[PDB]
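Chemist: Provided hereafter are the protein sequence and its experimental coordinates.
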Amino acid sequence: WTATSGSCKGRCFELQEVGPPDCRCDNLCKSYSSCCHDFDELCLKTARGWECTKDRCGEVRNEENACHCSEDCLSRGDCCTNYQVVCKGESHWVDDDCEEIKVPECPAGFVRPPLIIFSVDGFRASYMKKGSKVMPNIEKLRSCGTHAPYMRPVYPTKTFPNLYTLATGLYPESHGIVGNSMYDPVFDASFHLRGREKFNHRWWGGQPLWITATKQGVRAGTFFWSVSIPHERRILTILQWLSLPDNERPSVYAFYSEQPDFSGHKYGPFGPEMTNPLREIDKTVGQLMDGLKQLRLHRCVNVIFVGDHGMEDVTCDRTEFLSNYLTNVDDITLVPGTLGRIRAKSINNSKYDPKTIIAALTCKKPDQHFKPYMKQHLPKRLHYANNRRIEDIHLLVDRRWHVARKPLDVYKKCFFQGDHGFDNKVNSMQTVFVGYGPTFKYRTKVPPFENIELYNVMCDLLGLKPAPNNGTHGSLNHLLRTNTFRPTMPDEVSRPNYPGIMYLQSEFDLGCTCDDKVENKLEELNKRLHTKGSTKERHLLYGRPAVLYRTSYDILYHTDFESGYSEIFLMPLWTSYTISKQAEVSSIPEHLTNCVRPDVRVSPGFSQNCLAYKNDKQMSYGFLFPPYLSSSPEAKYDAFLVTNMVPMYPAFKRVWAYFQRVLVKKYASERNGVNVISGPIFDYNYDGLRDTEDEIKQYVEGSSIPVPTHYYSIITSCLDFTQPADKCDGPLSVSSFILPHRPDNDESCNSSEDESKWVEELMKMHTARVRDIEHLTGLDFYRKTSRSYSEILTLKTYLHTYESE
Ligand SMILES: *[C@@H]1O[C@H](CO)[C@@H](O[C@@H]2O[C@H](CO)[C@@H](O[C@@H]3O[C@H](CO[C@H]4O[C@H](CO)[C@@H](O)[C@H](O[C@H]5O[C@H](CO)[C@@H](O)[C@H](O)[C@@H]5O[C@H]5O[C@H](CO)[C@@H](O)[C@H](O)[C@@H]5O)[C@@H]4O)[C@@H](O)[C@H](O[C@H]4O[C@H](CO)[C@@H](O)[C@H](O)[C@@H]4O[C@H]4O[C@H](CO)[C@@H](O)[C@H](O)[C@@H]4O)[C@@H]3O)[C@H](O)[C@H]2NC(C)=O)[C@H](O)[C@H]1NC(C)=O
Ligand SMILES: NC(=O)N1CCCc2c(n(Cc3cccc(OC(F)(F)F)c3)c3ccccc23)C1
Ligand SMILES: [Ca+2]
Ligand SMILES: [Ca+2]
Ligand SMILES: [Cl-]
Ligand SMILES: [K+]
Ligand code: NA
Ligand SMILES: [Zn+2]
């Protein structure tokens with residue numbers, strides 16, 4: 001209940017919301033049906049519109065006007081944003097040359113440069129170039145400030161997940177806003193775009209920037225605007241707040257525009273109708289910047305212009321229907337559209353079965369435009385599984401498509417021509433970032449980066465300590481002129497052992513065999529040096545990874561590769577090796593096909609055994625350093641050490657063998673040598689973090705050999721490919737992947753074909769950041785380079801996407 005008979009006099013857009021049933025005058029009061037009776041009259045004035053004209057200059061203040069052109073308006077802080085242009089002969093901000101802002105130039109009493117976040121819904125990255133002729137204010141922010149060619153949103157590429165990701169630095173699985181629509185089975189409640197449930201604070205996890213600022217004594221404008229408040233009034237309200245006394249004035253503000261998204265849905269991302277919405281957004285930016293210039297704040301404020309997601313061409317005719325695949329369609333609930341999430345319609349129906357639903361949805365039609373997944377099997381780069389609000393069954397929908405349950409859903413709900421939500425690597429889903437102000441760099445282009453990184457930087461801009469989040473603090477220091485965050489590398493927690501030869505062959509009873517008993521001081525001293533680390537500088541180019549948790553492990557050196565061998569998991573945590581452009585591929589000689597050799601540096605009790613693999617009818621094994629890339633027939637024996645072996649399903653061995661035999665050499669040719677680090681990942685609770693021993697759900701039958709859920713590789717070379725990977729003087733280049741370790745290749749519809757037709761496509765789907773692998777393994781890479789640590793942090797957040805331009 002609201003007793004709406006109080007008054008908004010002197011309270012318009014008040015910053016602290018008053019409690020029920022007292023009536024509200026804050027920018028959200030309309031959304032709660034709670035404004036005072038006179039809110040419209042007092043707070044939403046419109047008379048005479050939004051611009052001064054020649055004949056209004058010096059007018060007698062009329063308090064009814066939307067904004068003012070009277071002489072006292074500057075010190076009232078309520079002039080129309082074009083006041084000084086129309087009436088005092090000033091230029092528009094956009095018509096001024098840009099001049100580097102080396103220091104904040106702020107009015108007296110400003111403790112810090114304010115931060116204004118100008119967010120645009122559905123602003124696709126390519127609009128910056130394609131709409132540049134009609135967006136001169138935005139183009140000036142872009143060219144004069146710091147900009148990225150695009151910013152990667154989070155998945156799903158919808159509004160609510162992305163804006164709350166911007167606000168918190170968190171993946172949706174962690175912040176809890178995992179779609180625009182959600183069912184939470186613990187609450188037994190639903191979240192929807194329309195309605196009241198979304199206002200309940202139990203949905204919203206982590207700590208958003210406005211709460212972060214308030215807790216640390218930095219005042220925040222309210223970030224939310226009821227939909228009926230026009231853009232011009234939002235801008236004027238911000239400008240009015242910036243005129244408050246020092247003790248009352250916020251330091252951070254947000255503006256939000258529902259455009260261009262609103263129009264993009266109706267007309268598609270490049271519909272001829274899209275020009276006007278782009279012009280109108282630019283005009284709004286112009287009003288803000290003219291308004292700041294009037295207040296002498298245009299070389300004081302840091303402005304961020306940022307989008308939440310792009311927009312793709314999608315029409316009603318490009319809809320797949322689950323009723324064309326499933327017999328039981330009425331026993332499921334689907335969250336539909338540019339992604340699918342399926343759960344049982346009724347929890348009392350014990351005949352519902354996810355295994356048969358997935359199978360009925362797998363590779364059933366030749367050009368099927370969605371792919372079903374158990375959530376834990378989704379590409380790890382999406383970080384979309386660790387939340388009870390994310391249904392076990394997920395459909396990744398092809399760009400340009402929808403999924404729906406039955407045709408009646410699409411016509412008893414063509415309207416739309418645009419939509420978004422798809423995989424966040426899709427070019428059309430990329431969005432925009434520009435930073436302009438004293439704290440950002442001047443005329444600087446930076447590489448694309450993920451929106452999860454921005455919360456940290458917004459905290460840096462305001463002198464706040466960020467709450468714990470998924471950004472990598474420091475990875476965006478190259479955006480900033482000052483206020484950088486200078487992190488130190490994490491300390492290694494476990495130091496390695498360096499075992500020498502400690503065991504005789506006959507102490508091992510592993511059921512392994514090798515045809516290796518074929519008998520020289522020239523080469524005897526040589527093998528010894530290699531086992532002591534003489535080639536290590538060649539194969540371990542960036543220092544050994546640091547182990548950031550408590551465990552027992554050994555460094556093992558070899559001619560062709562170096563490993564960190566875990567005595568706990570009975571396999572390497574990592575295996576590092578370098579392949580030059582010149583390297584040659586050989587085959588596994590016949591007499592060595594089933595060779596596994598005990599490692600006399602490592603106890604039988606800390607070794608895998610061959611008998612377990614013989615006994616386990618489902619599980620085979622592979623090797624981390626590939627025998628195909630051995631430097632010589634003699635070095636090849638090292639590759640068959642039991643300490644280089646890892647458990648692998650036969651179906652996965654197809655993938656792995658193709659990567660090792662064909663792709664590594666291919667990359668070394670193309671990149672001028674590569675350094676490779678490969679290893680296992682265990683993430684049985686799909687939280688994106690390294691499993692402890694007691695979390696492992698599967699072992700090789702009859703043994704303590706844990707089965708990895710994934711295998712990773714980190715592939716590094718010189719950014720200047722005129723230099724070989726092992727003699728690189730400058731910046732590095734990386735690509736990585738986290739391949740799911742699956743007992744079938746059902747994920748790849750063309751897997752009956754030769755690996756050359758499907759494996760690389762699978763690997764590209766499972767592209768990863770080095771950082772993703774760090775979380776999954778508890779390792780810290782690139783500890784020893786000649787590069788600055790912030791530059792290494794940027795490299796560790798890089799994702800190779802394989803999208804075209
Ligand atoms: C991305 O960044 C984020 C932020 O850093 C990373 O997430 C953190 O990861 C930590 C490890 O998983 C986790 O730390 C745990 O904290 C638990 C207390 O959590 C509450 O308090 C914090 C602080 O304010 C709060 O943020 C939490 O918020 C979560 O839950 C609420 C309510 O449900 C949601 O609204 C909110 O969105 C958020 O949900 C997300 O996280 C939870 C996990 O906490 C998931 O379940 C959700 O799906 C969702 O993703 C909480 O309100 C604390 O209980 C934990 O302690 C356990 O382990 C320690 C070892 O240190 C030990 O002392 C105890 O034994 C204890 O175990 C006990 O509980 C077990 C489970 O019931 C049980 O098995 C045992 O027997 C024990 O009884 C733990 O320390 C931290 O909370 C999150 N933070 C956030 C915001 O998500 C994330 O990892 C990063 N991702 C990547 C890939 O890097
Ligand atoms: N009516 C409205 O005001 N909005 C439209 C509805 C969806 C929405 C808005 N905001 C607030 C917001 C505005 C501008 C930037 C921003 O992000 C930043 F905090 F990072 F700056 C956040 C949200 C924050 C979290 C989740 C959903 C939303 C806005
Ligand atoms: Ca949006
Ligand atoms: Ca885990
Ligand atoms: Cl959704
Ligand atoms: K087997
Ligand atoms: Na297949
Ligand atoms: Zn939209």
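Modeler: Received it, and whenever you're ready, just let me know what you need. Residues are numbered from 1 along each chain as shown. Ligands and ions are numbered 1, 2, ... in the order given.

Chemist: contact partners for the residue of the stretch 51-200 of the chain found nearest ligand 5?
Modeler: Residue nearest to ligand 5 within the stretch 51-200 of the chain (C-beta to the ion): residue 179, separated by 2.5 Å. In this view, the C-beta of every residue, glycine as well, is placed from N, C-alpha and C. Shown in contact with residue 179 (C-beta atoms under 8 Å, 6 or more residues apart in numbering): 156, 158, 160-161, 172, 335, 339, 341, 389.

Chemist: likewise residue 552?
Modeler: By C-beta under 8 Å, 6+ apart, residue 552 lies in contact with 494, 497, 566-568.

Chemist: gap between the residue of the chain found nearest ligand 7 and ligand 3?
Modeler: Closest contact between the chain and ligand 7, by C-beta to the ion, is at residue 751 (3.4 Å). In this view, residue 751 and ligand 3 are 36 Å apart by C-beta to the ion, to the nearest Å.

Chemist: near ligand 2, which residues of this structure?
Modeler: 117, 119, 159-160, 163-164, 166-167, 209, 223-225, 227, 254, 256 (C-beta under 6 Å from any ligand atom).

Chemist: for the stretch 51-200 of the chain, which residues are neighbours of ligand 5?
Modeler: Neighbours of ligand 5 within the stretch 51-200 of the chain, by C-beta under 5 Å from the ion: 179-181.

Chemist: returning to that earlier point: closest one of the residues of the chain next to ligand 2 to ligand 3?
Modeler: Nearest member of the residues of the chain next to ligand 2 to ligand 3, counting by C-beta to the ion, is residue 159, at 3.0 Å.

Chemist: quick one on the thing from earlier: got CSV for the residues of the stretch 51-200 of the chain next to ligand 5, with secondary structure and distance to ligand 7 too?
Modeler: Formatted as CSV, those follow (DSSP: H, G, I helix; E, B strand; the rest coil; distance: C-beta to the ion, whole Å):
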residue, secondary structure, distance to ligand 7
179, coil, 28
180, coil, 32
181, coil, 31
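
Chemist: how about residue 735, secondary structure?
Modeler: strand (DSSP: H, G, I helix; E, B strand; the rest coil).

Chemist: surely it touches residue 715?
Modeler: Yes: Residue 735 lies in contact with residue 715 (C-beta atoms under 8 Å); the separation is 5.2 Å.

Chemist: on that earlier part again, hmm, which two among the contacts of residue 552 are most spread apart?
Modeler: 497 and 568 (12.5 Å; C-beta to C-beta).

Chemist: now do the shared contacts for these two.
Modeler: 552-553.

Chemist: all helices of the stretch 401-550 of the chain, in order?
Modeler: Under the criterion DSSP state H, counting those that start in this stretch, the stretch 401-550 of the chain contains helices at 407-411, 454-461, 521-531, 536-539.

Chemist: ligand 6 contacts on the stretch 101-250 of the chain?
Modeler: Counting by C-beta under 5 Å from the ion, no residue of the stretch 101-250 of the chain is near ligand 6.

Chemist: out of the residues of the chain next to ligand 2, which end up buried?
Modeler: Among those, those scoring as buried are 117, 119, 159-160, 163-164, 166-167, 209, 223, 225, 254, 256 (criterion: 16 or more other C-beta atoms under 10 Å).

Chemist: for the stretch 651-800 of the chain, what lies in contact range of ligand 4?
Modeler: Near ligand 4, when you scan the stretch 651-800 of the chain using C-beta under 5 Å from the ion, you find 683, 685, 687, 689, 691.

Chemist: between those residues, identify the one with the most neighbours.
Modeler: Counting neighbours by other C-beta atoms under 10 Å, residue 683 leads these with 23 neighbours.

Chemist: next one: stretch 535-549 to chain centre, how far?
Modeler: Taking C-alpha atoms, centre = their mean, to the nearest Å, the mean C-alpha location of stretch 535-549 is offset from the chain mean by 27 Å.

Chemist: give the buried residues for stretch 546-558.
Modeler: Using 16+ other C-beta under 10 Å as the test for burial, stretch 546-558 gives 546-548, 551, 553-558.

Chemist: what of stretch 366-373?
Modeler: So for stretch 366-373, counting by 16+ other C-beta under 10 Å, buried means 368-373.
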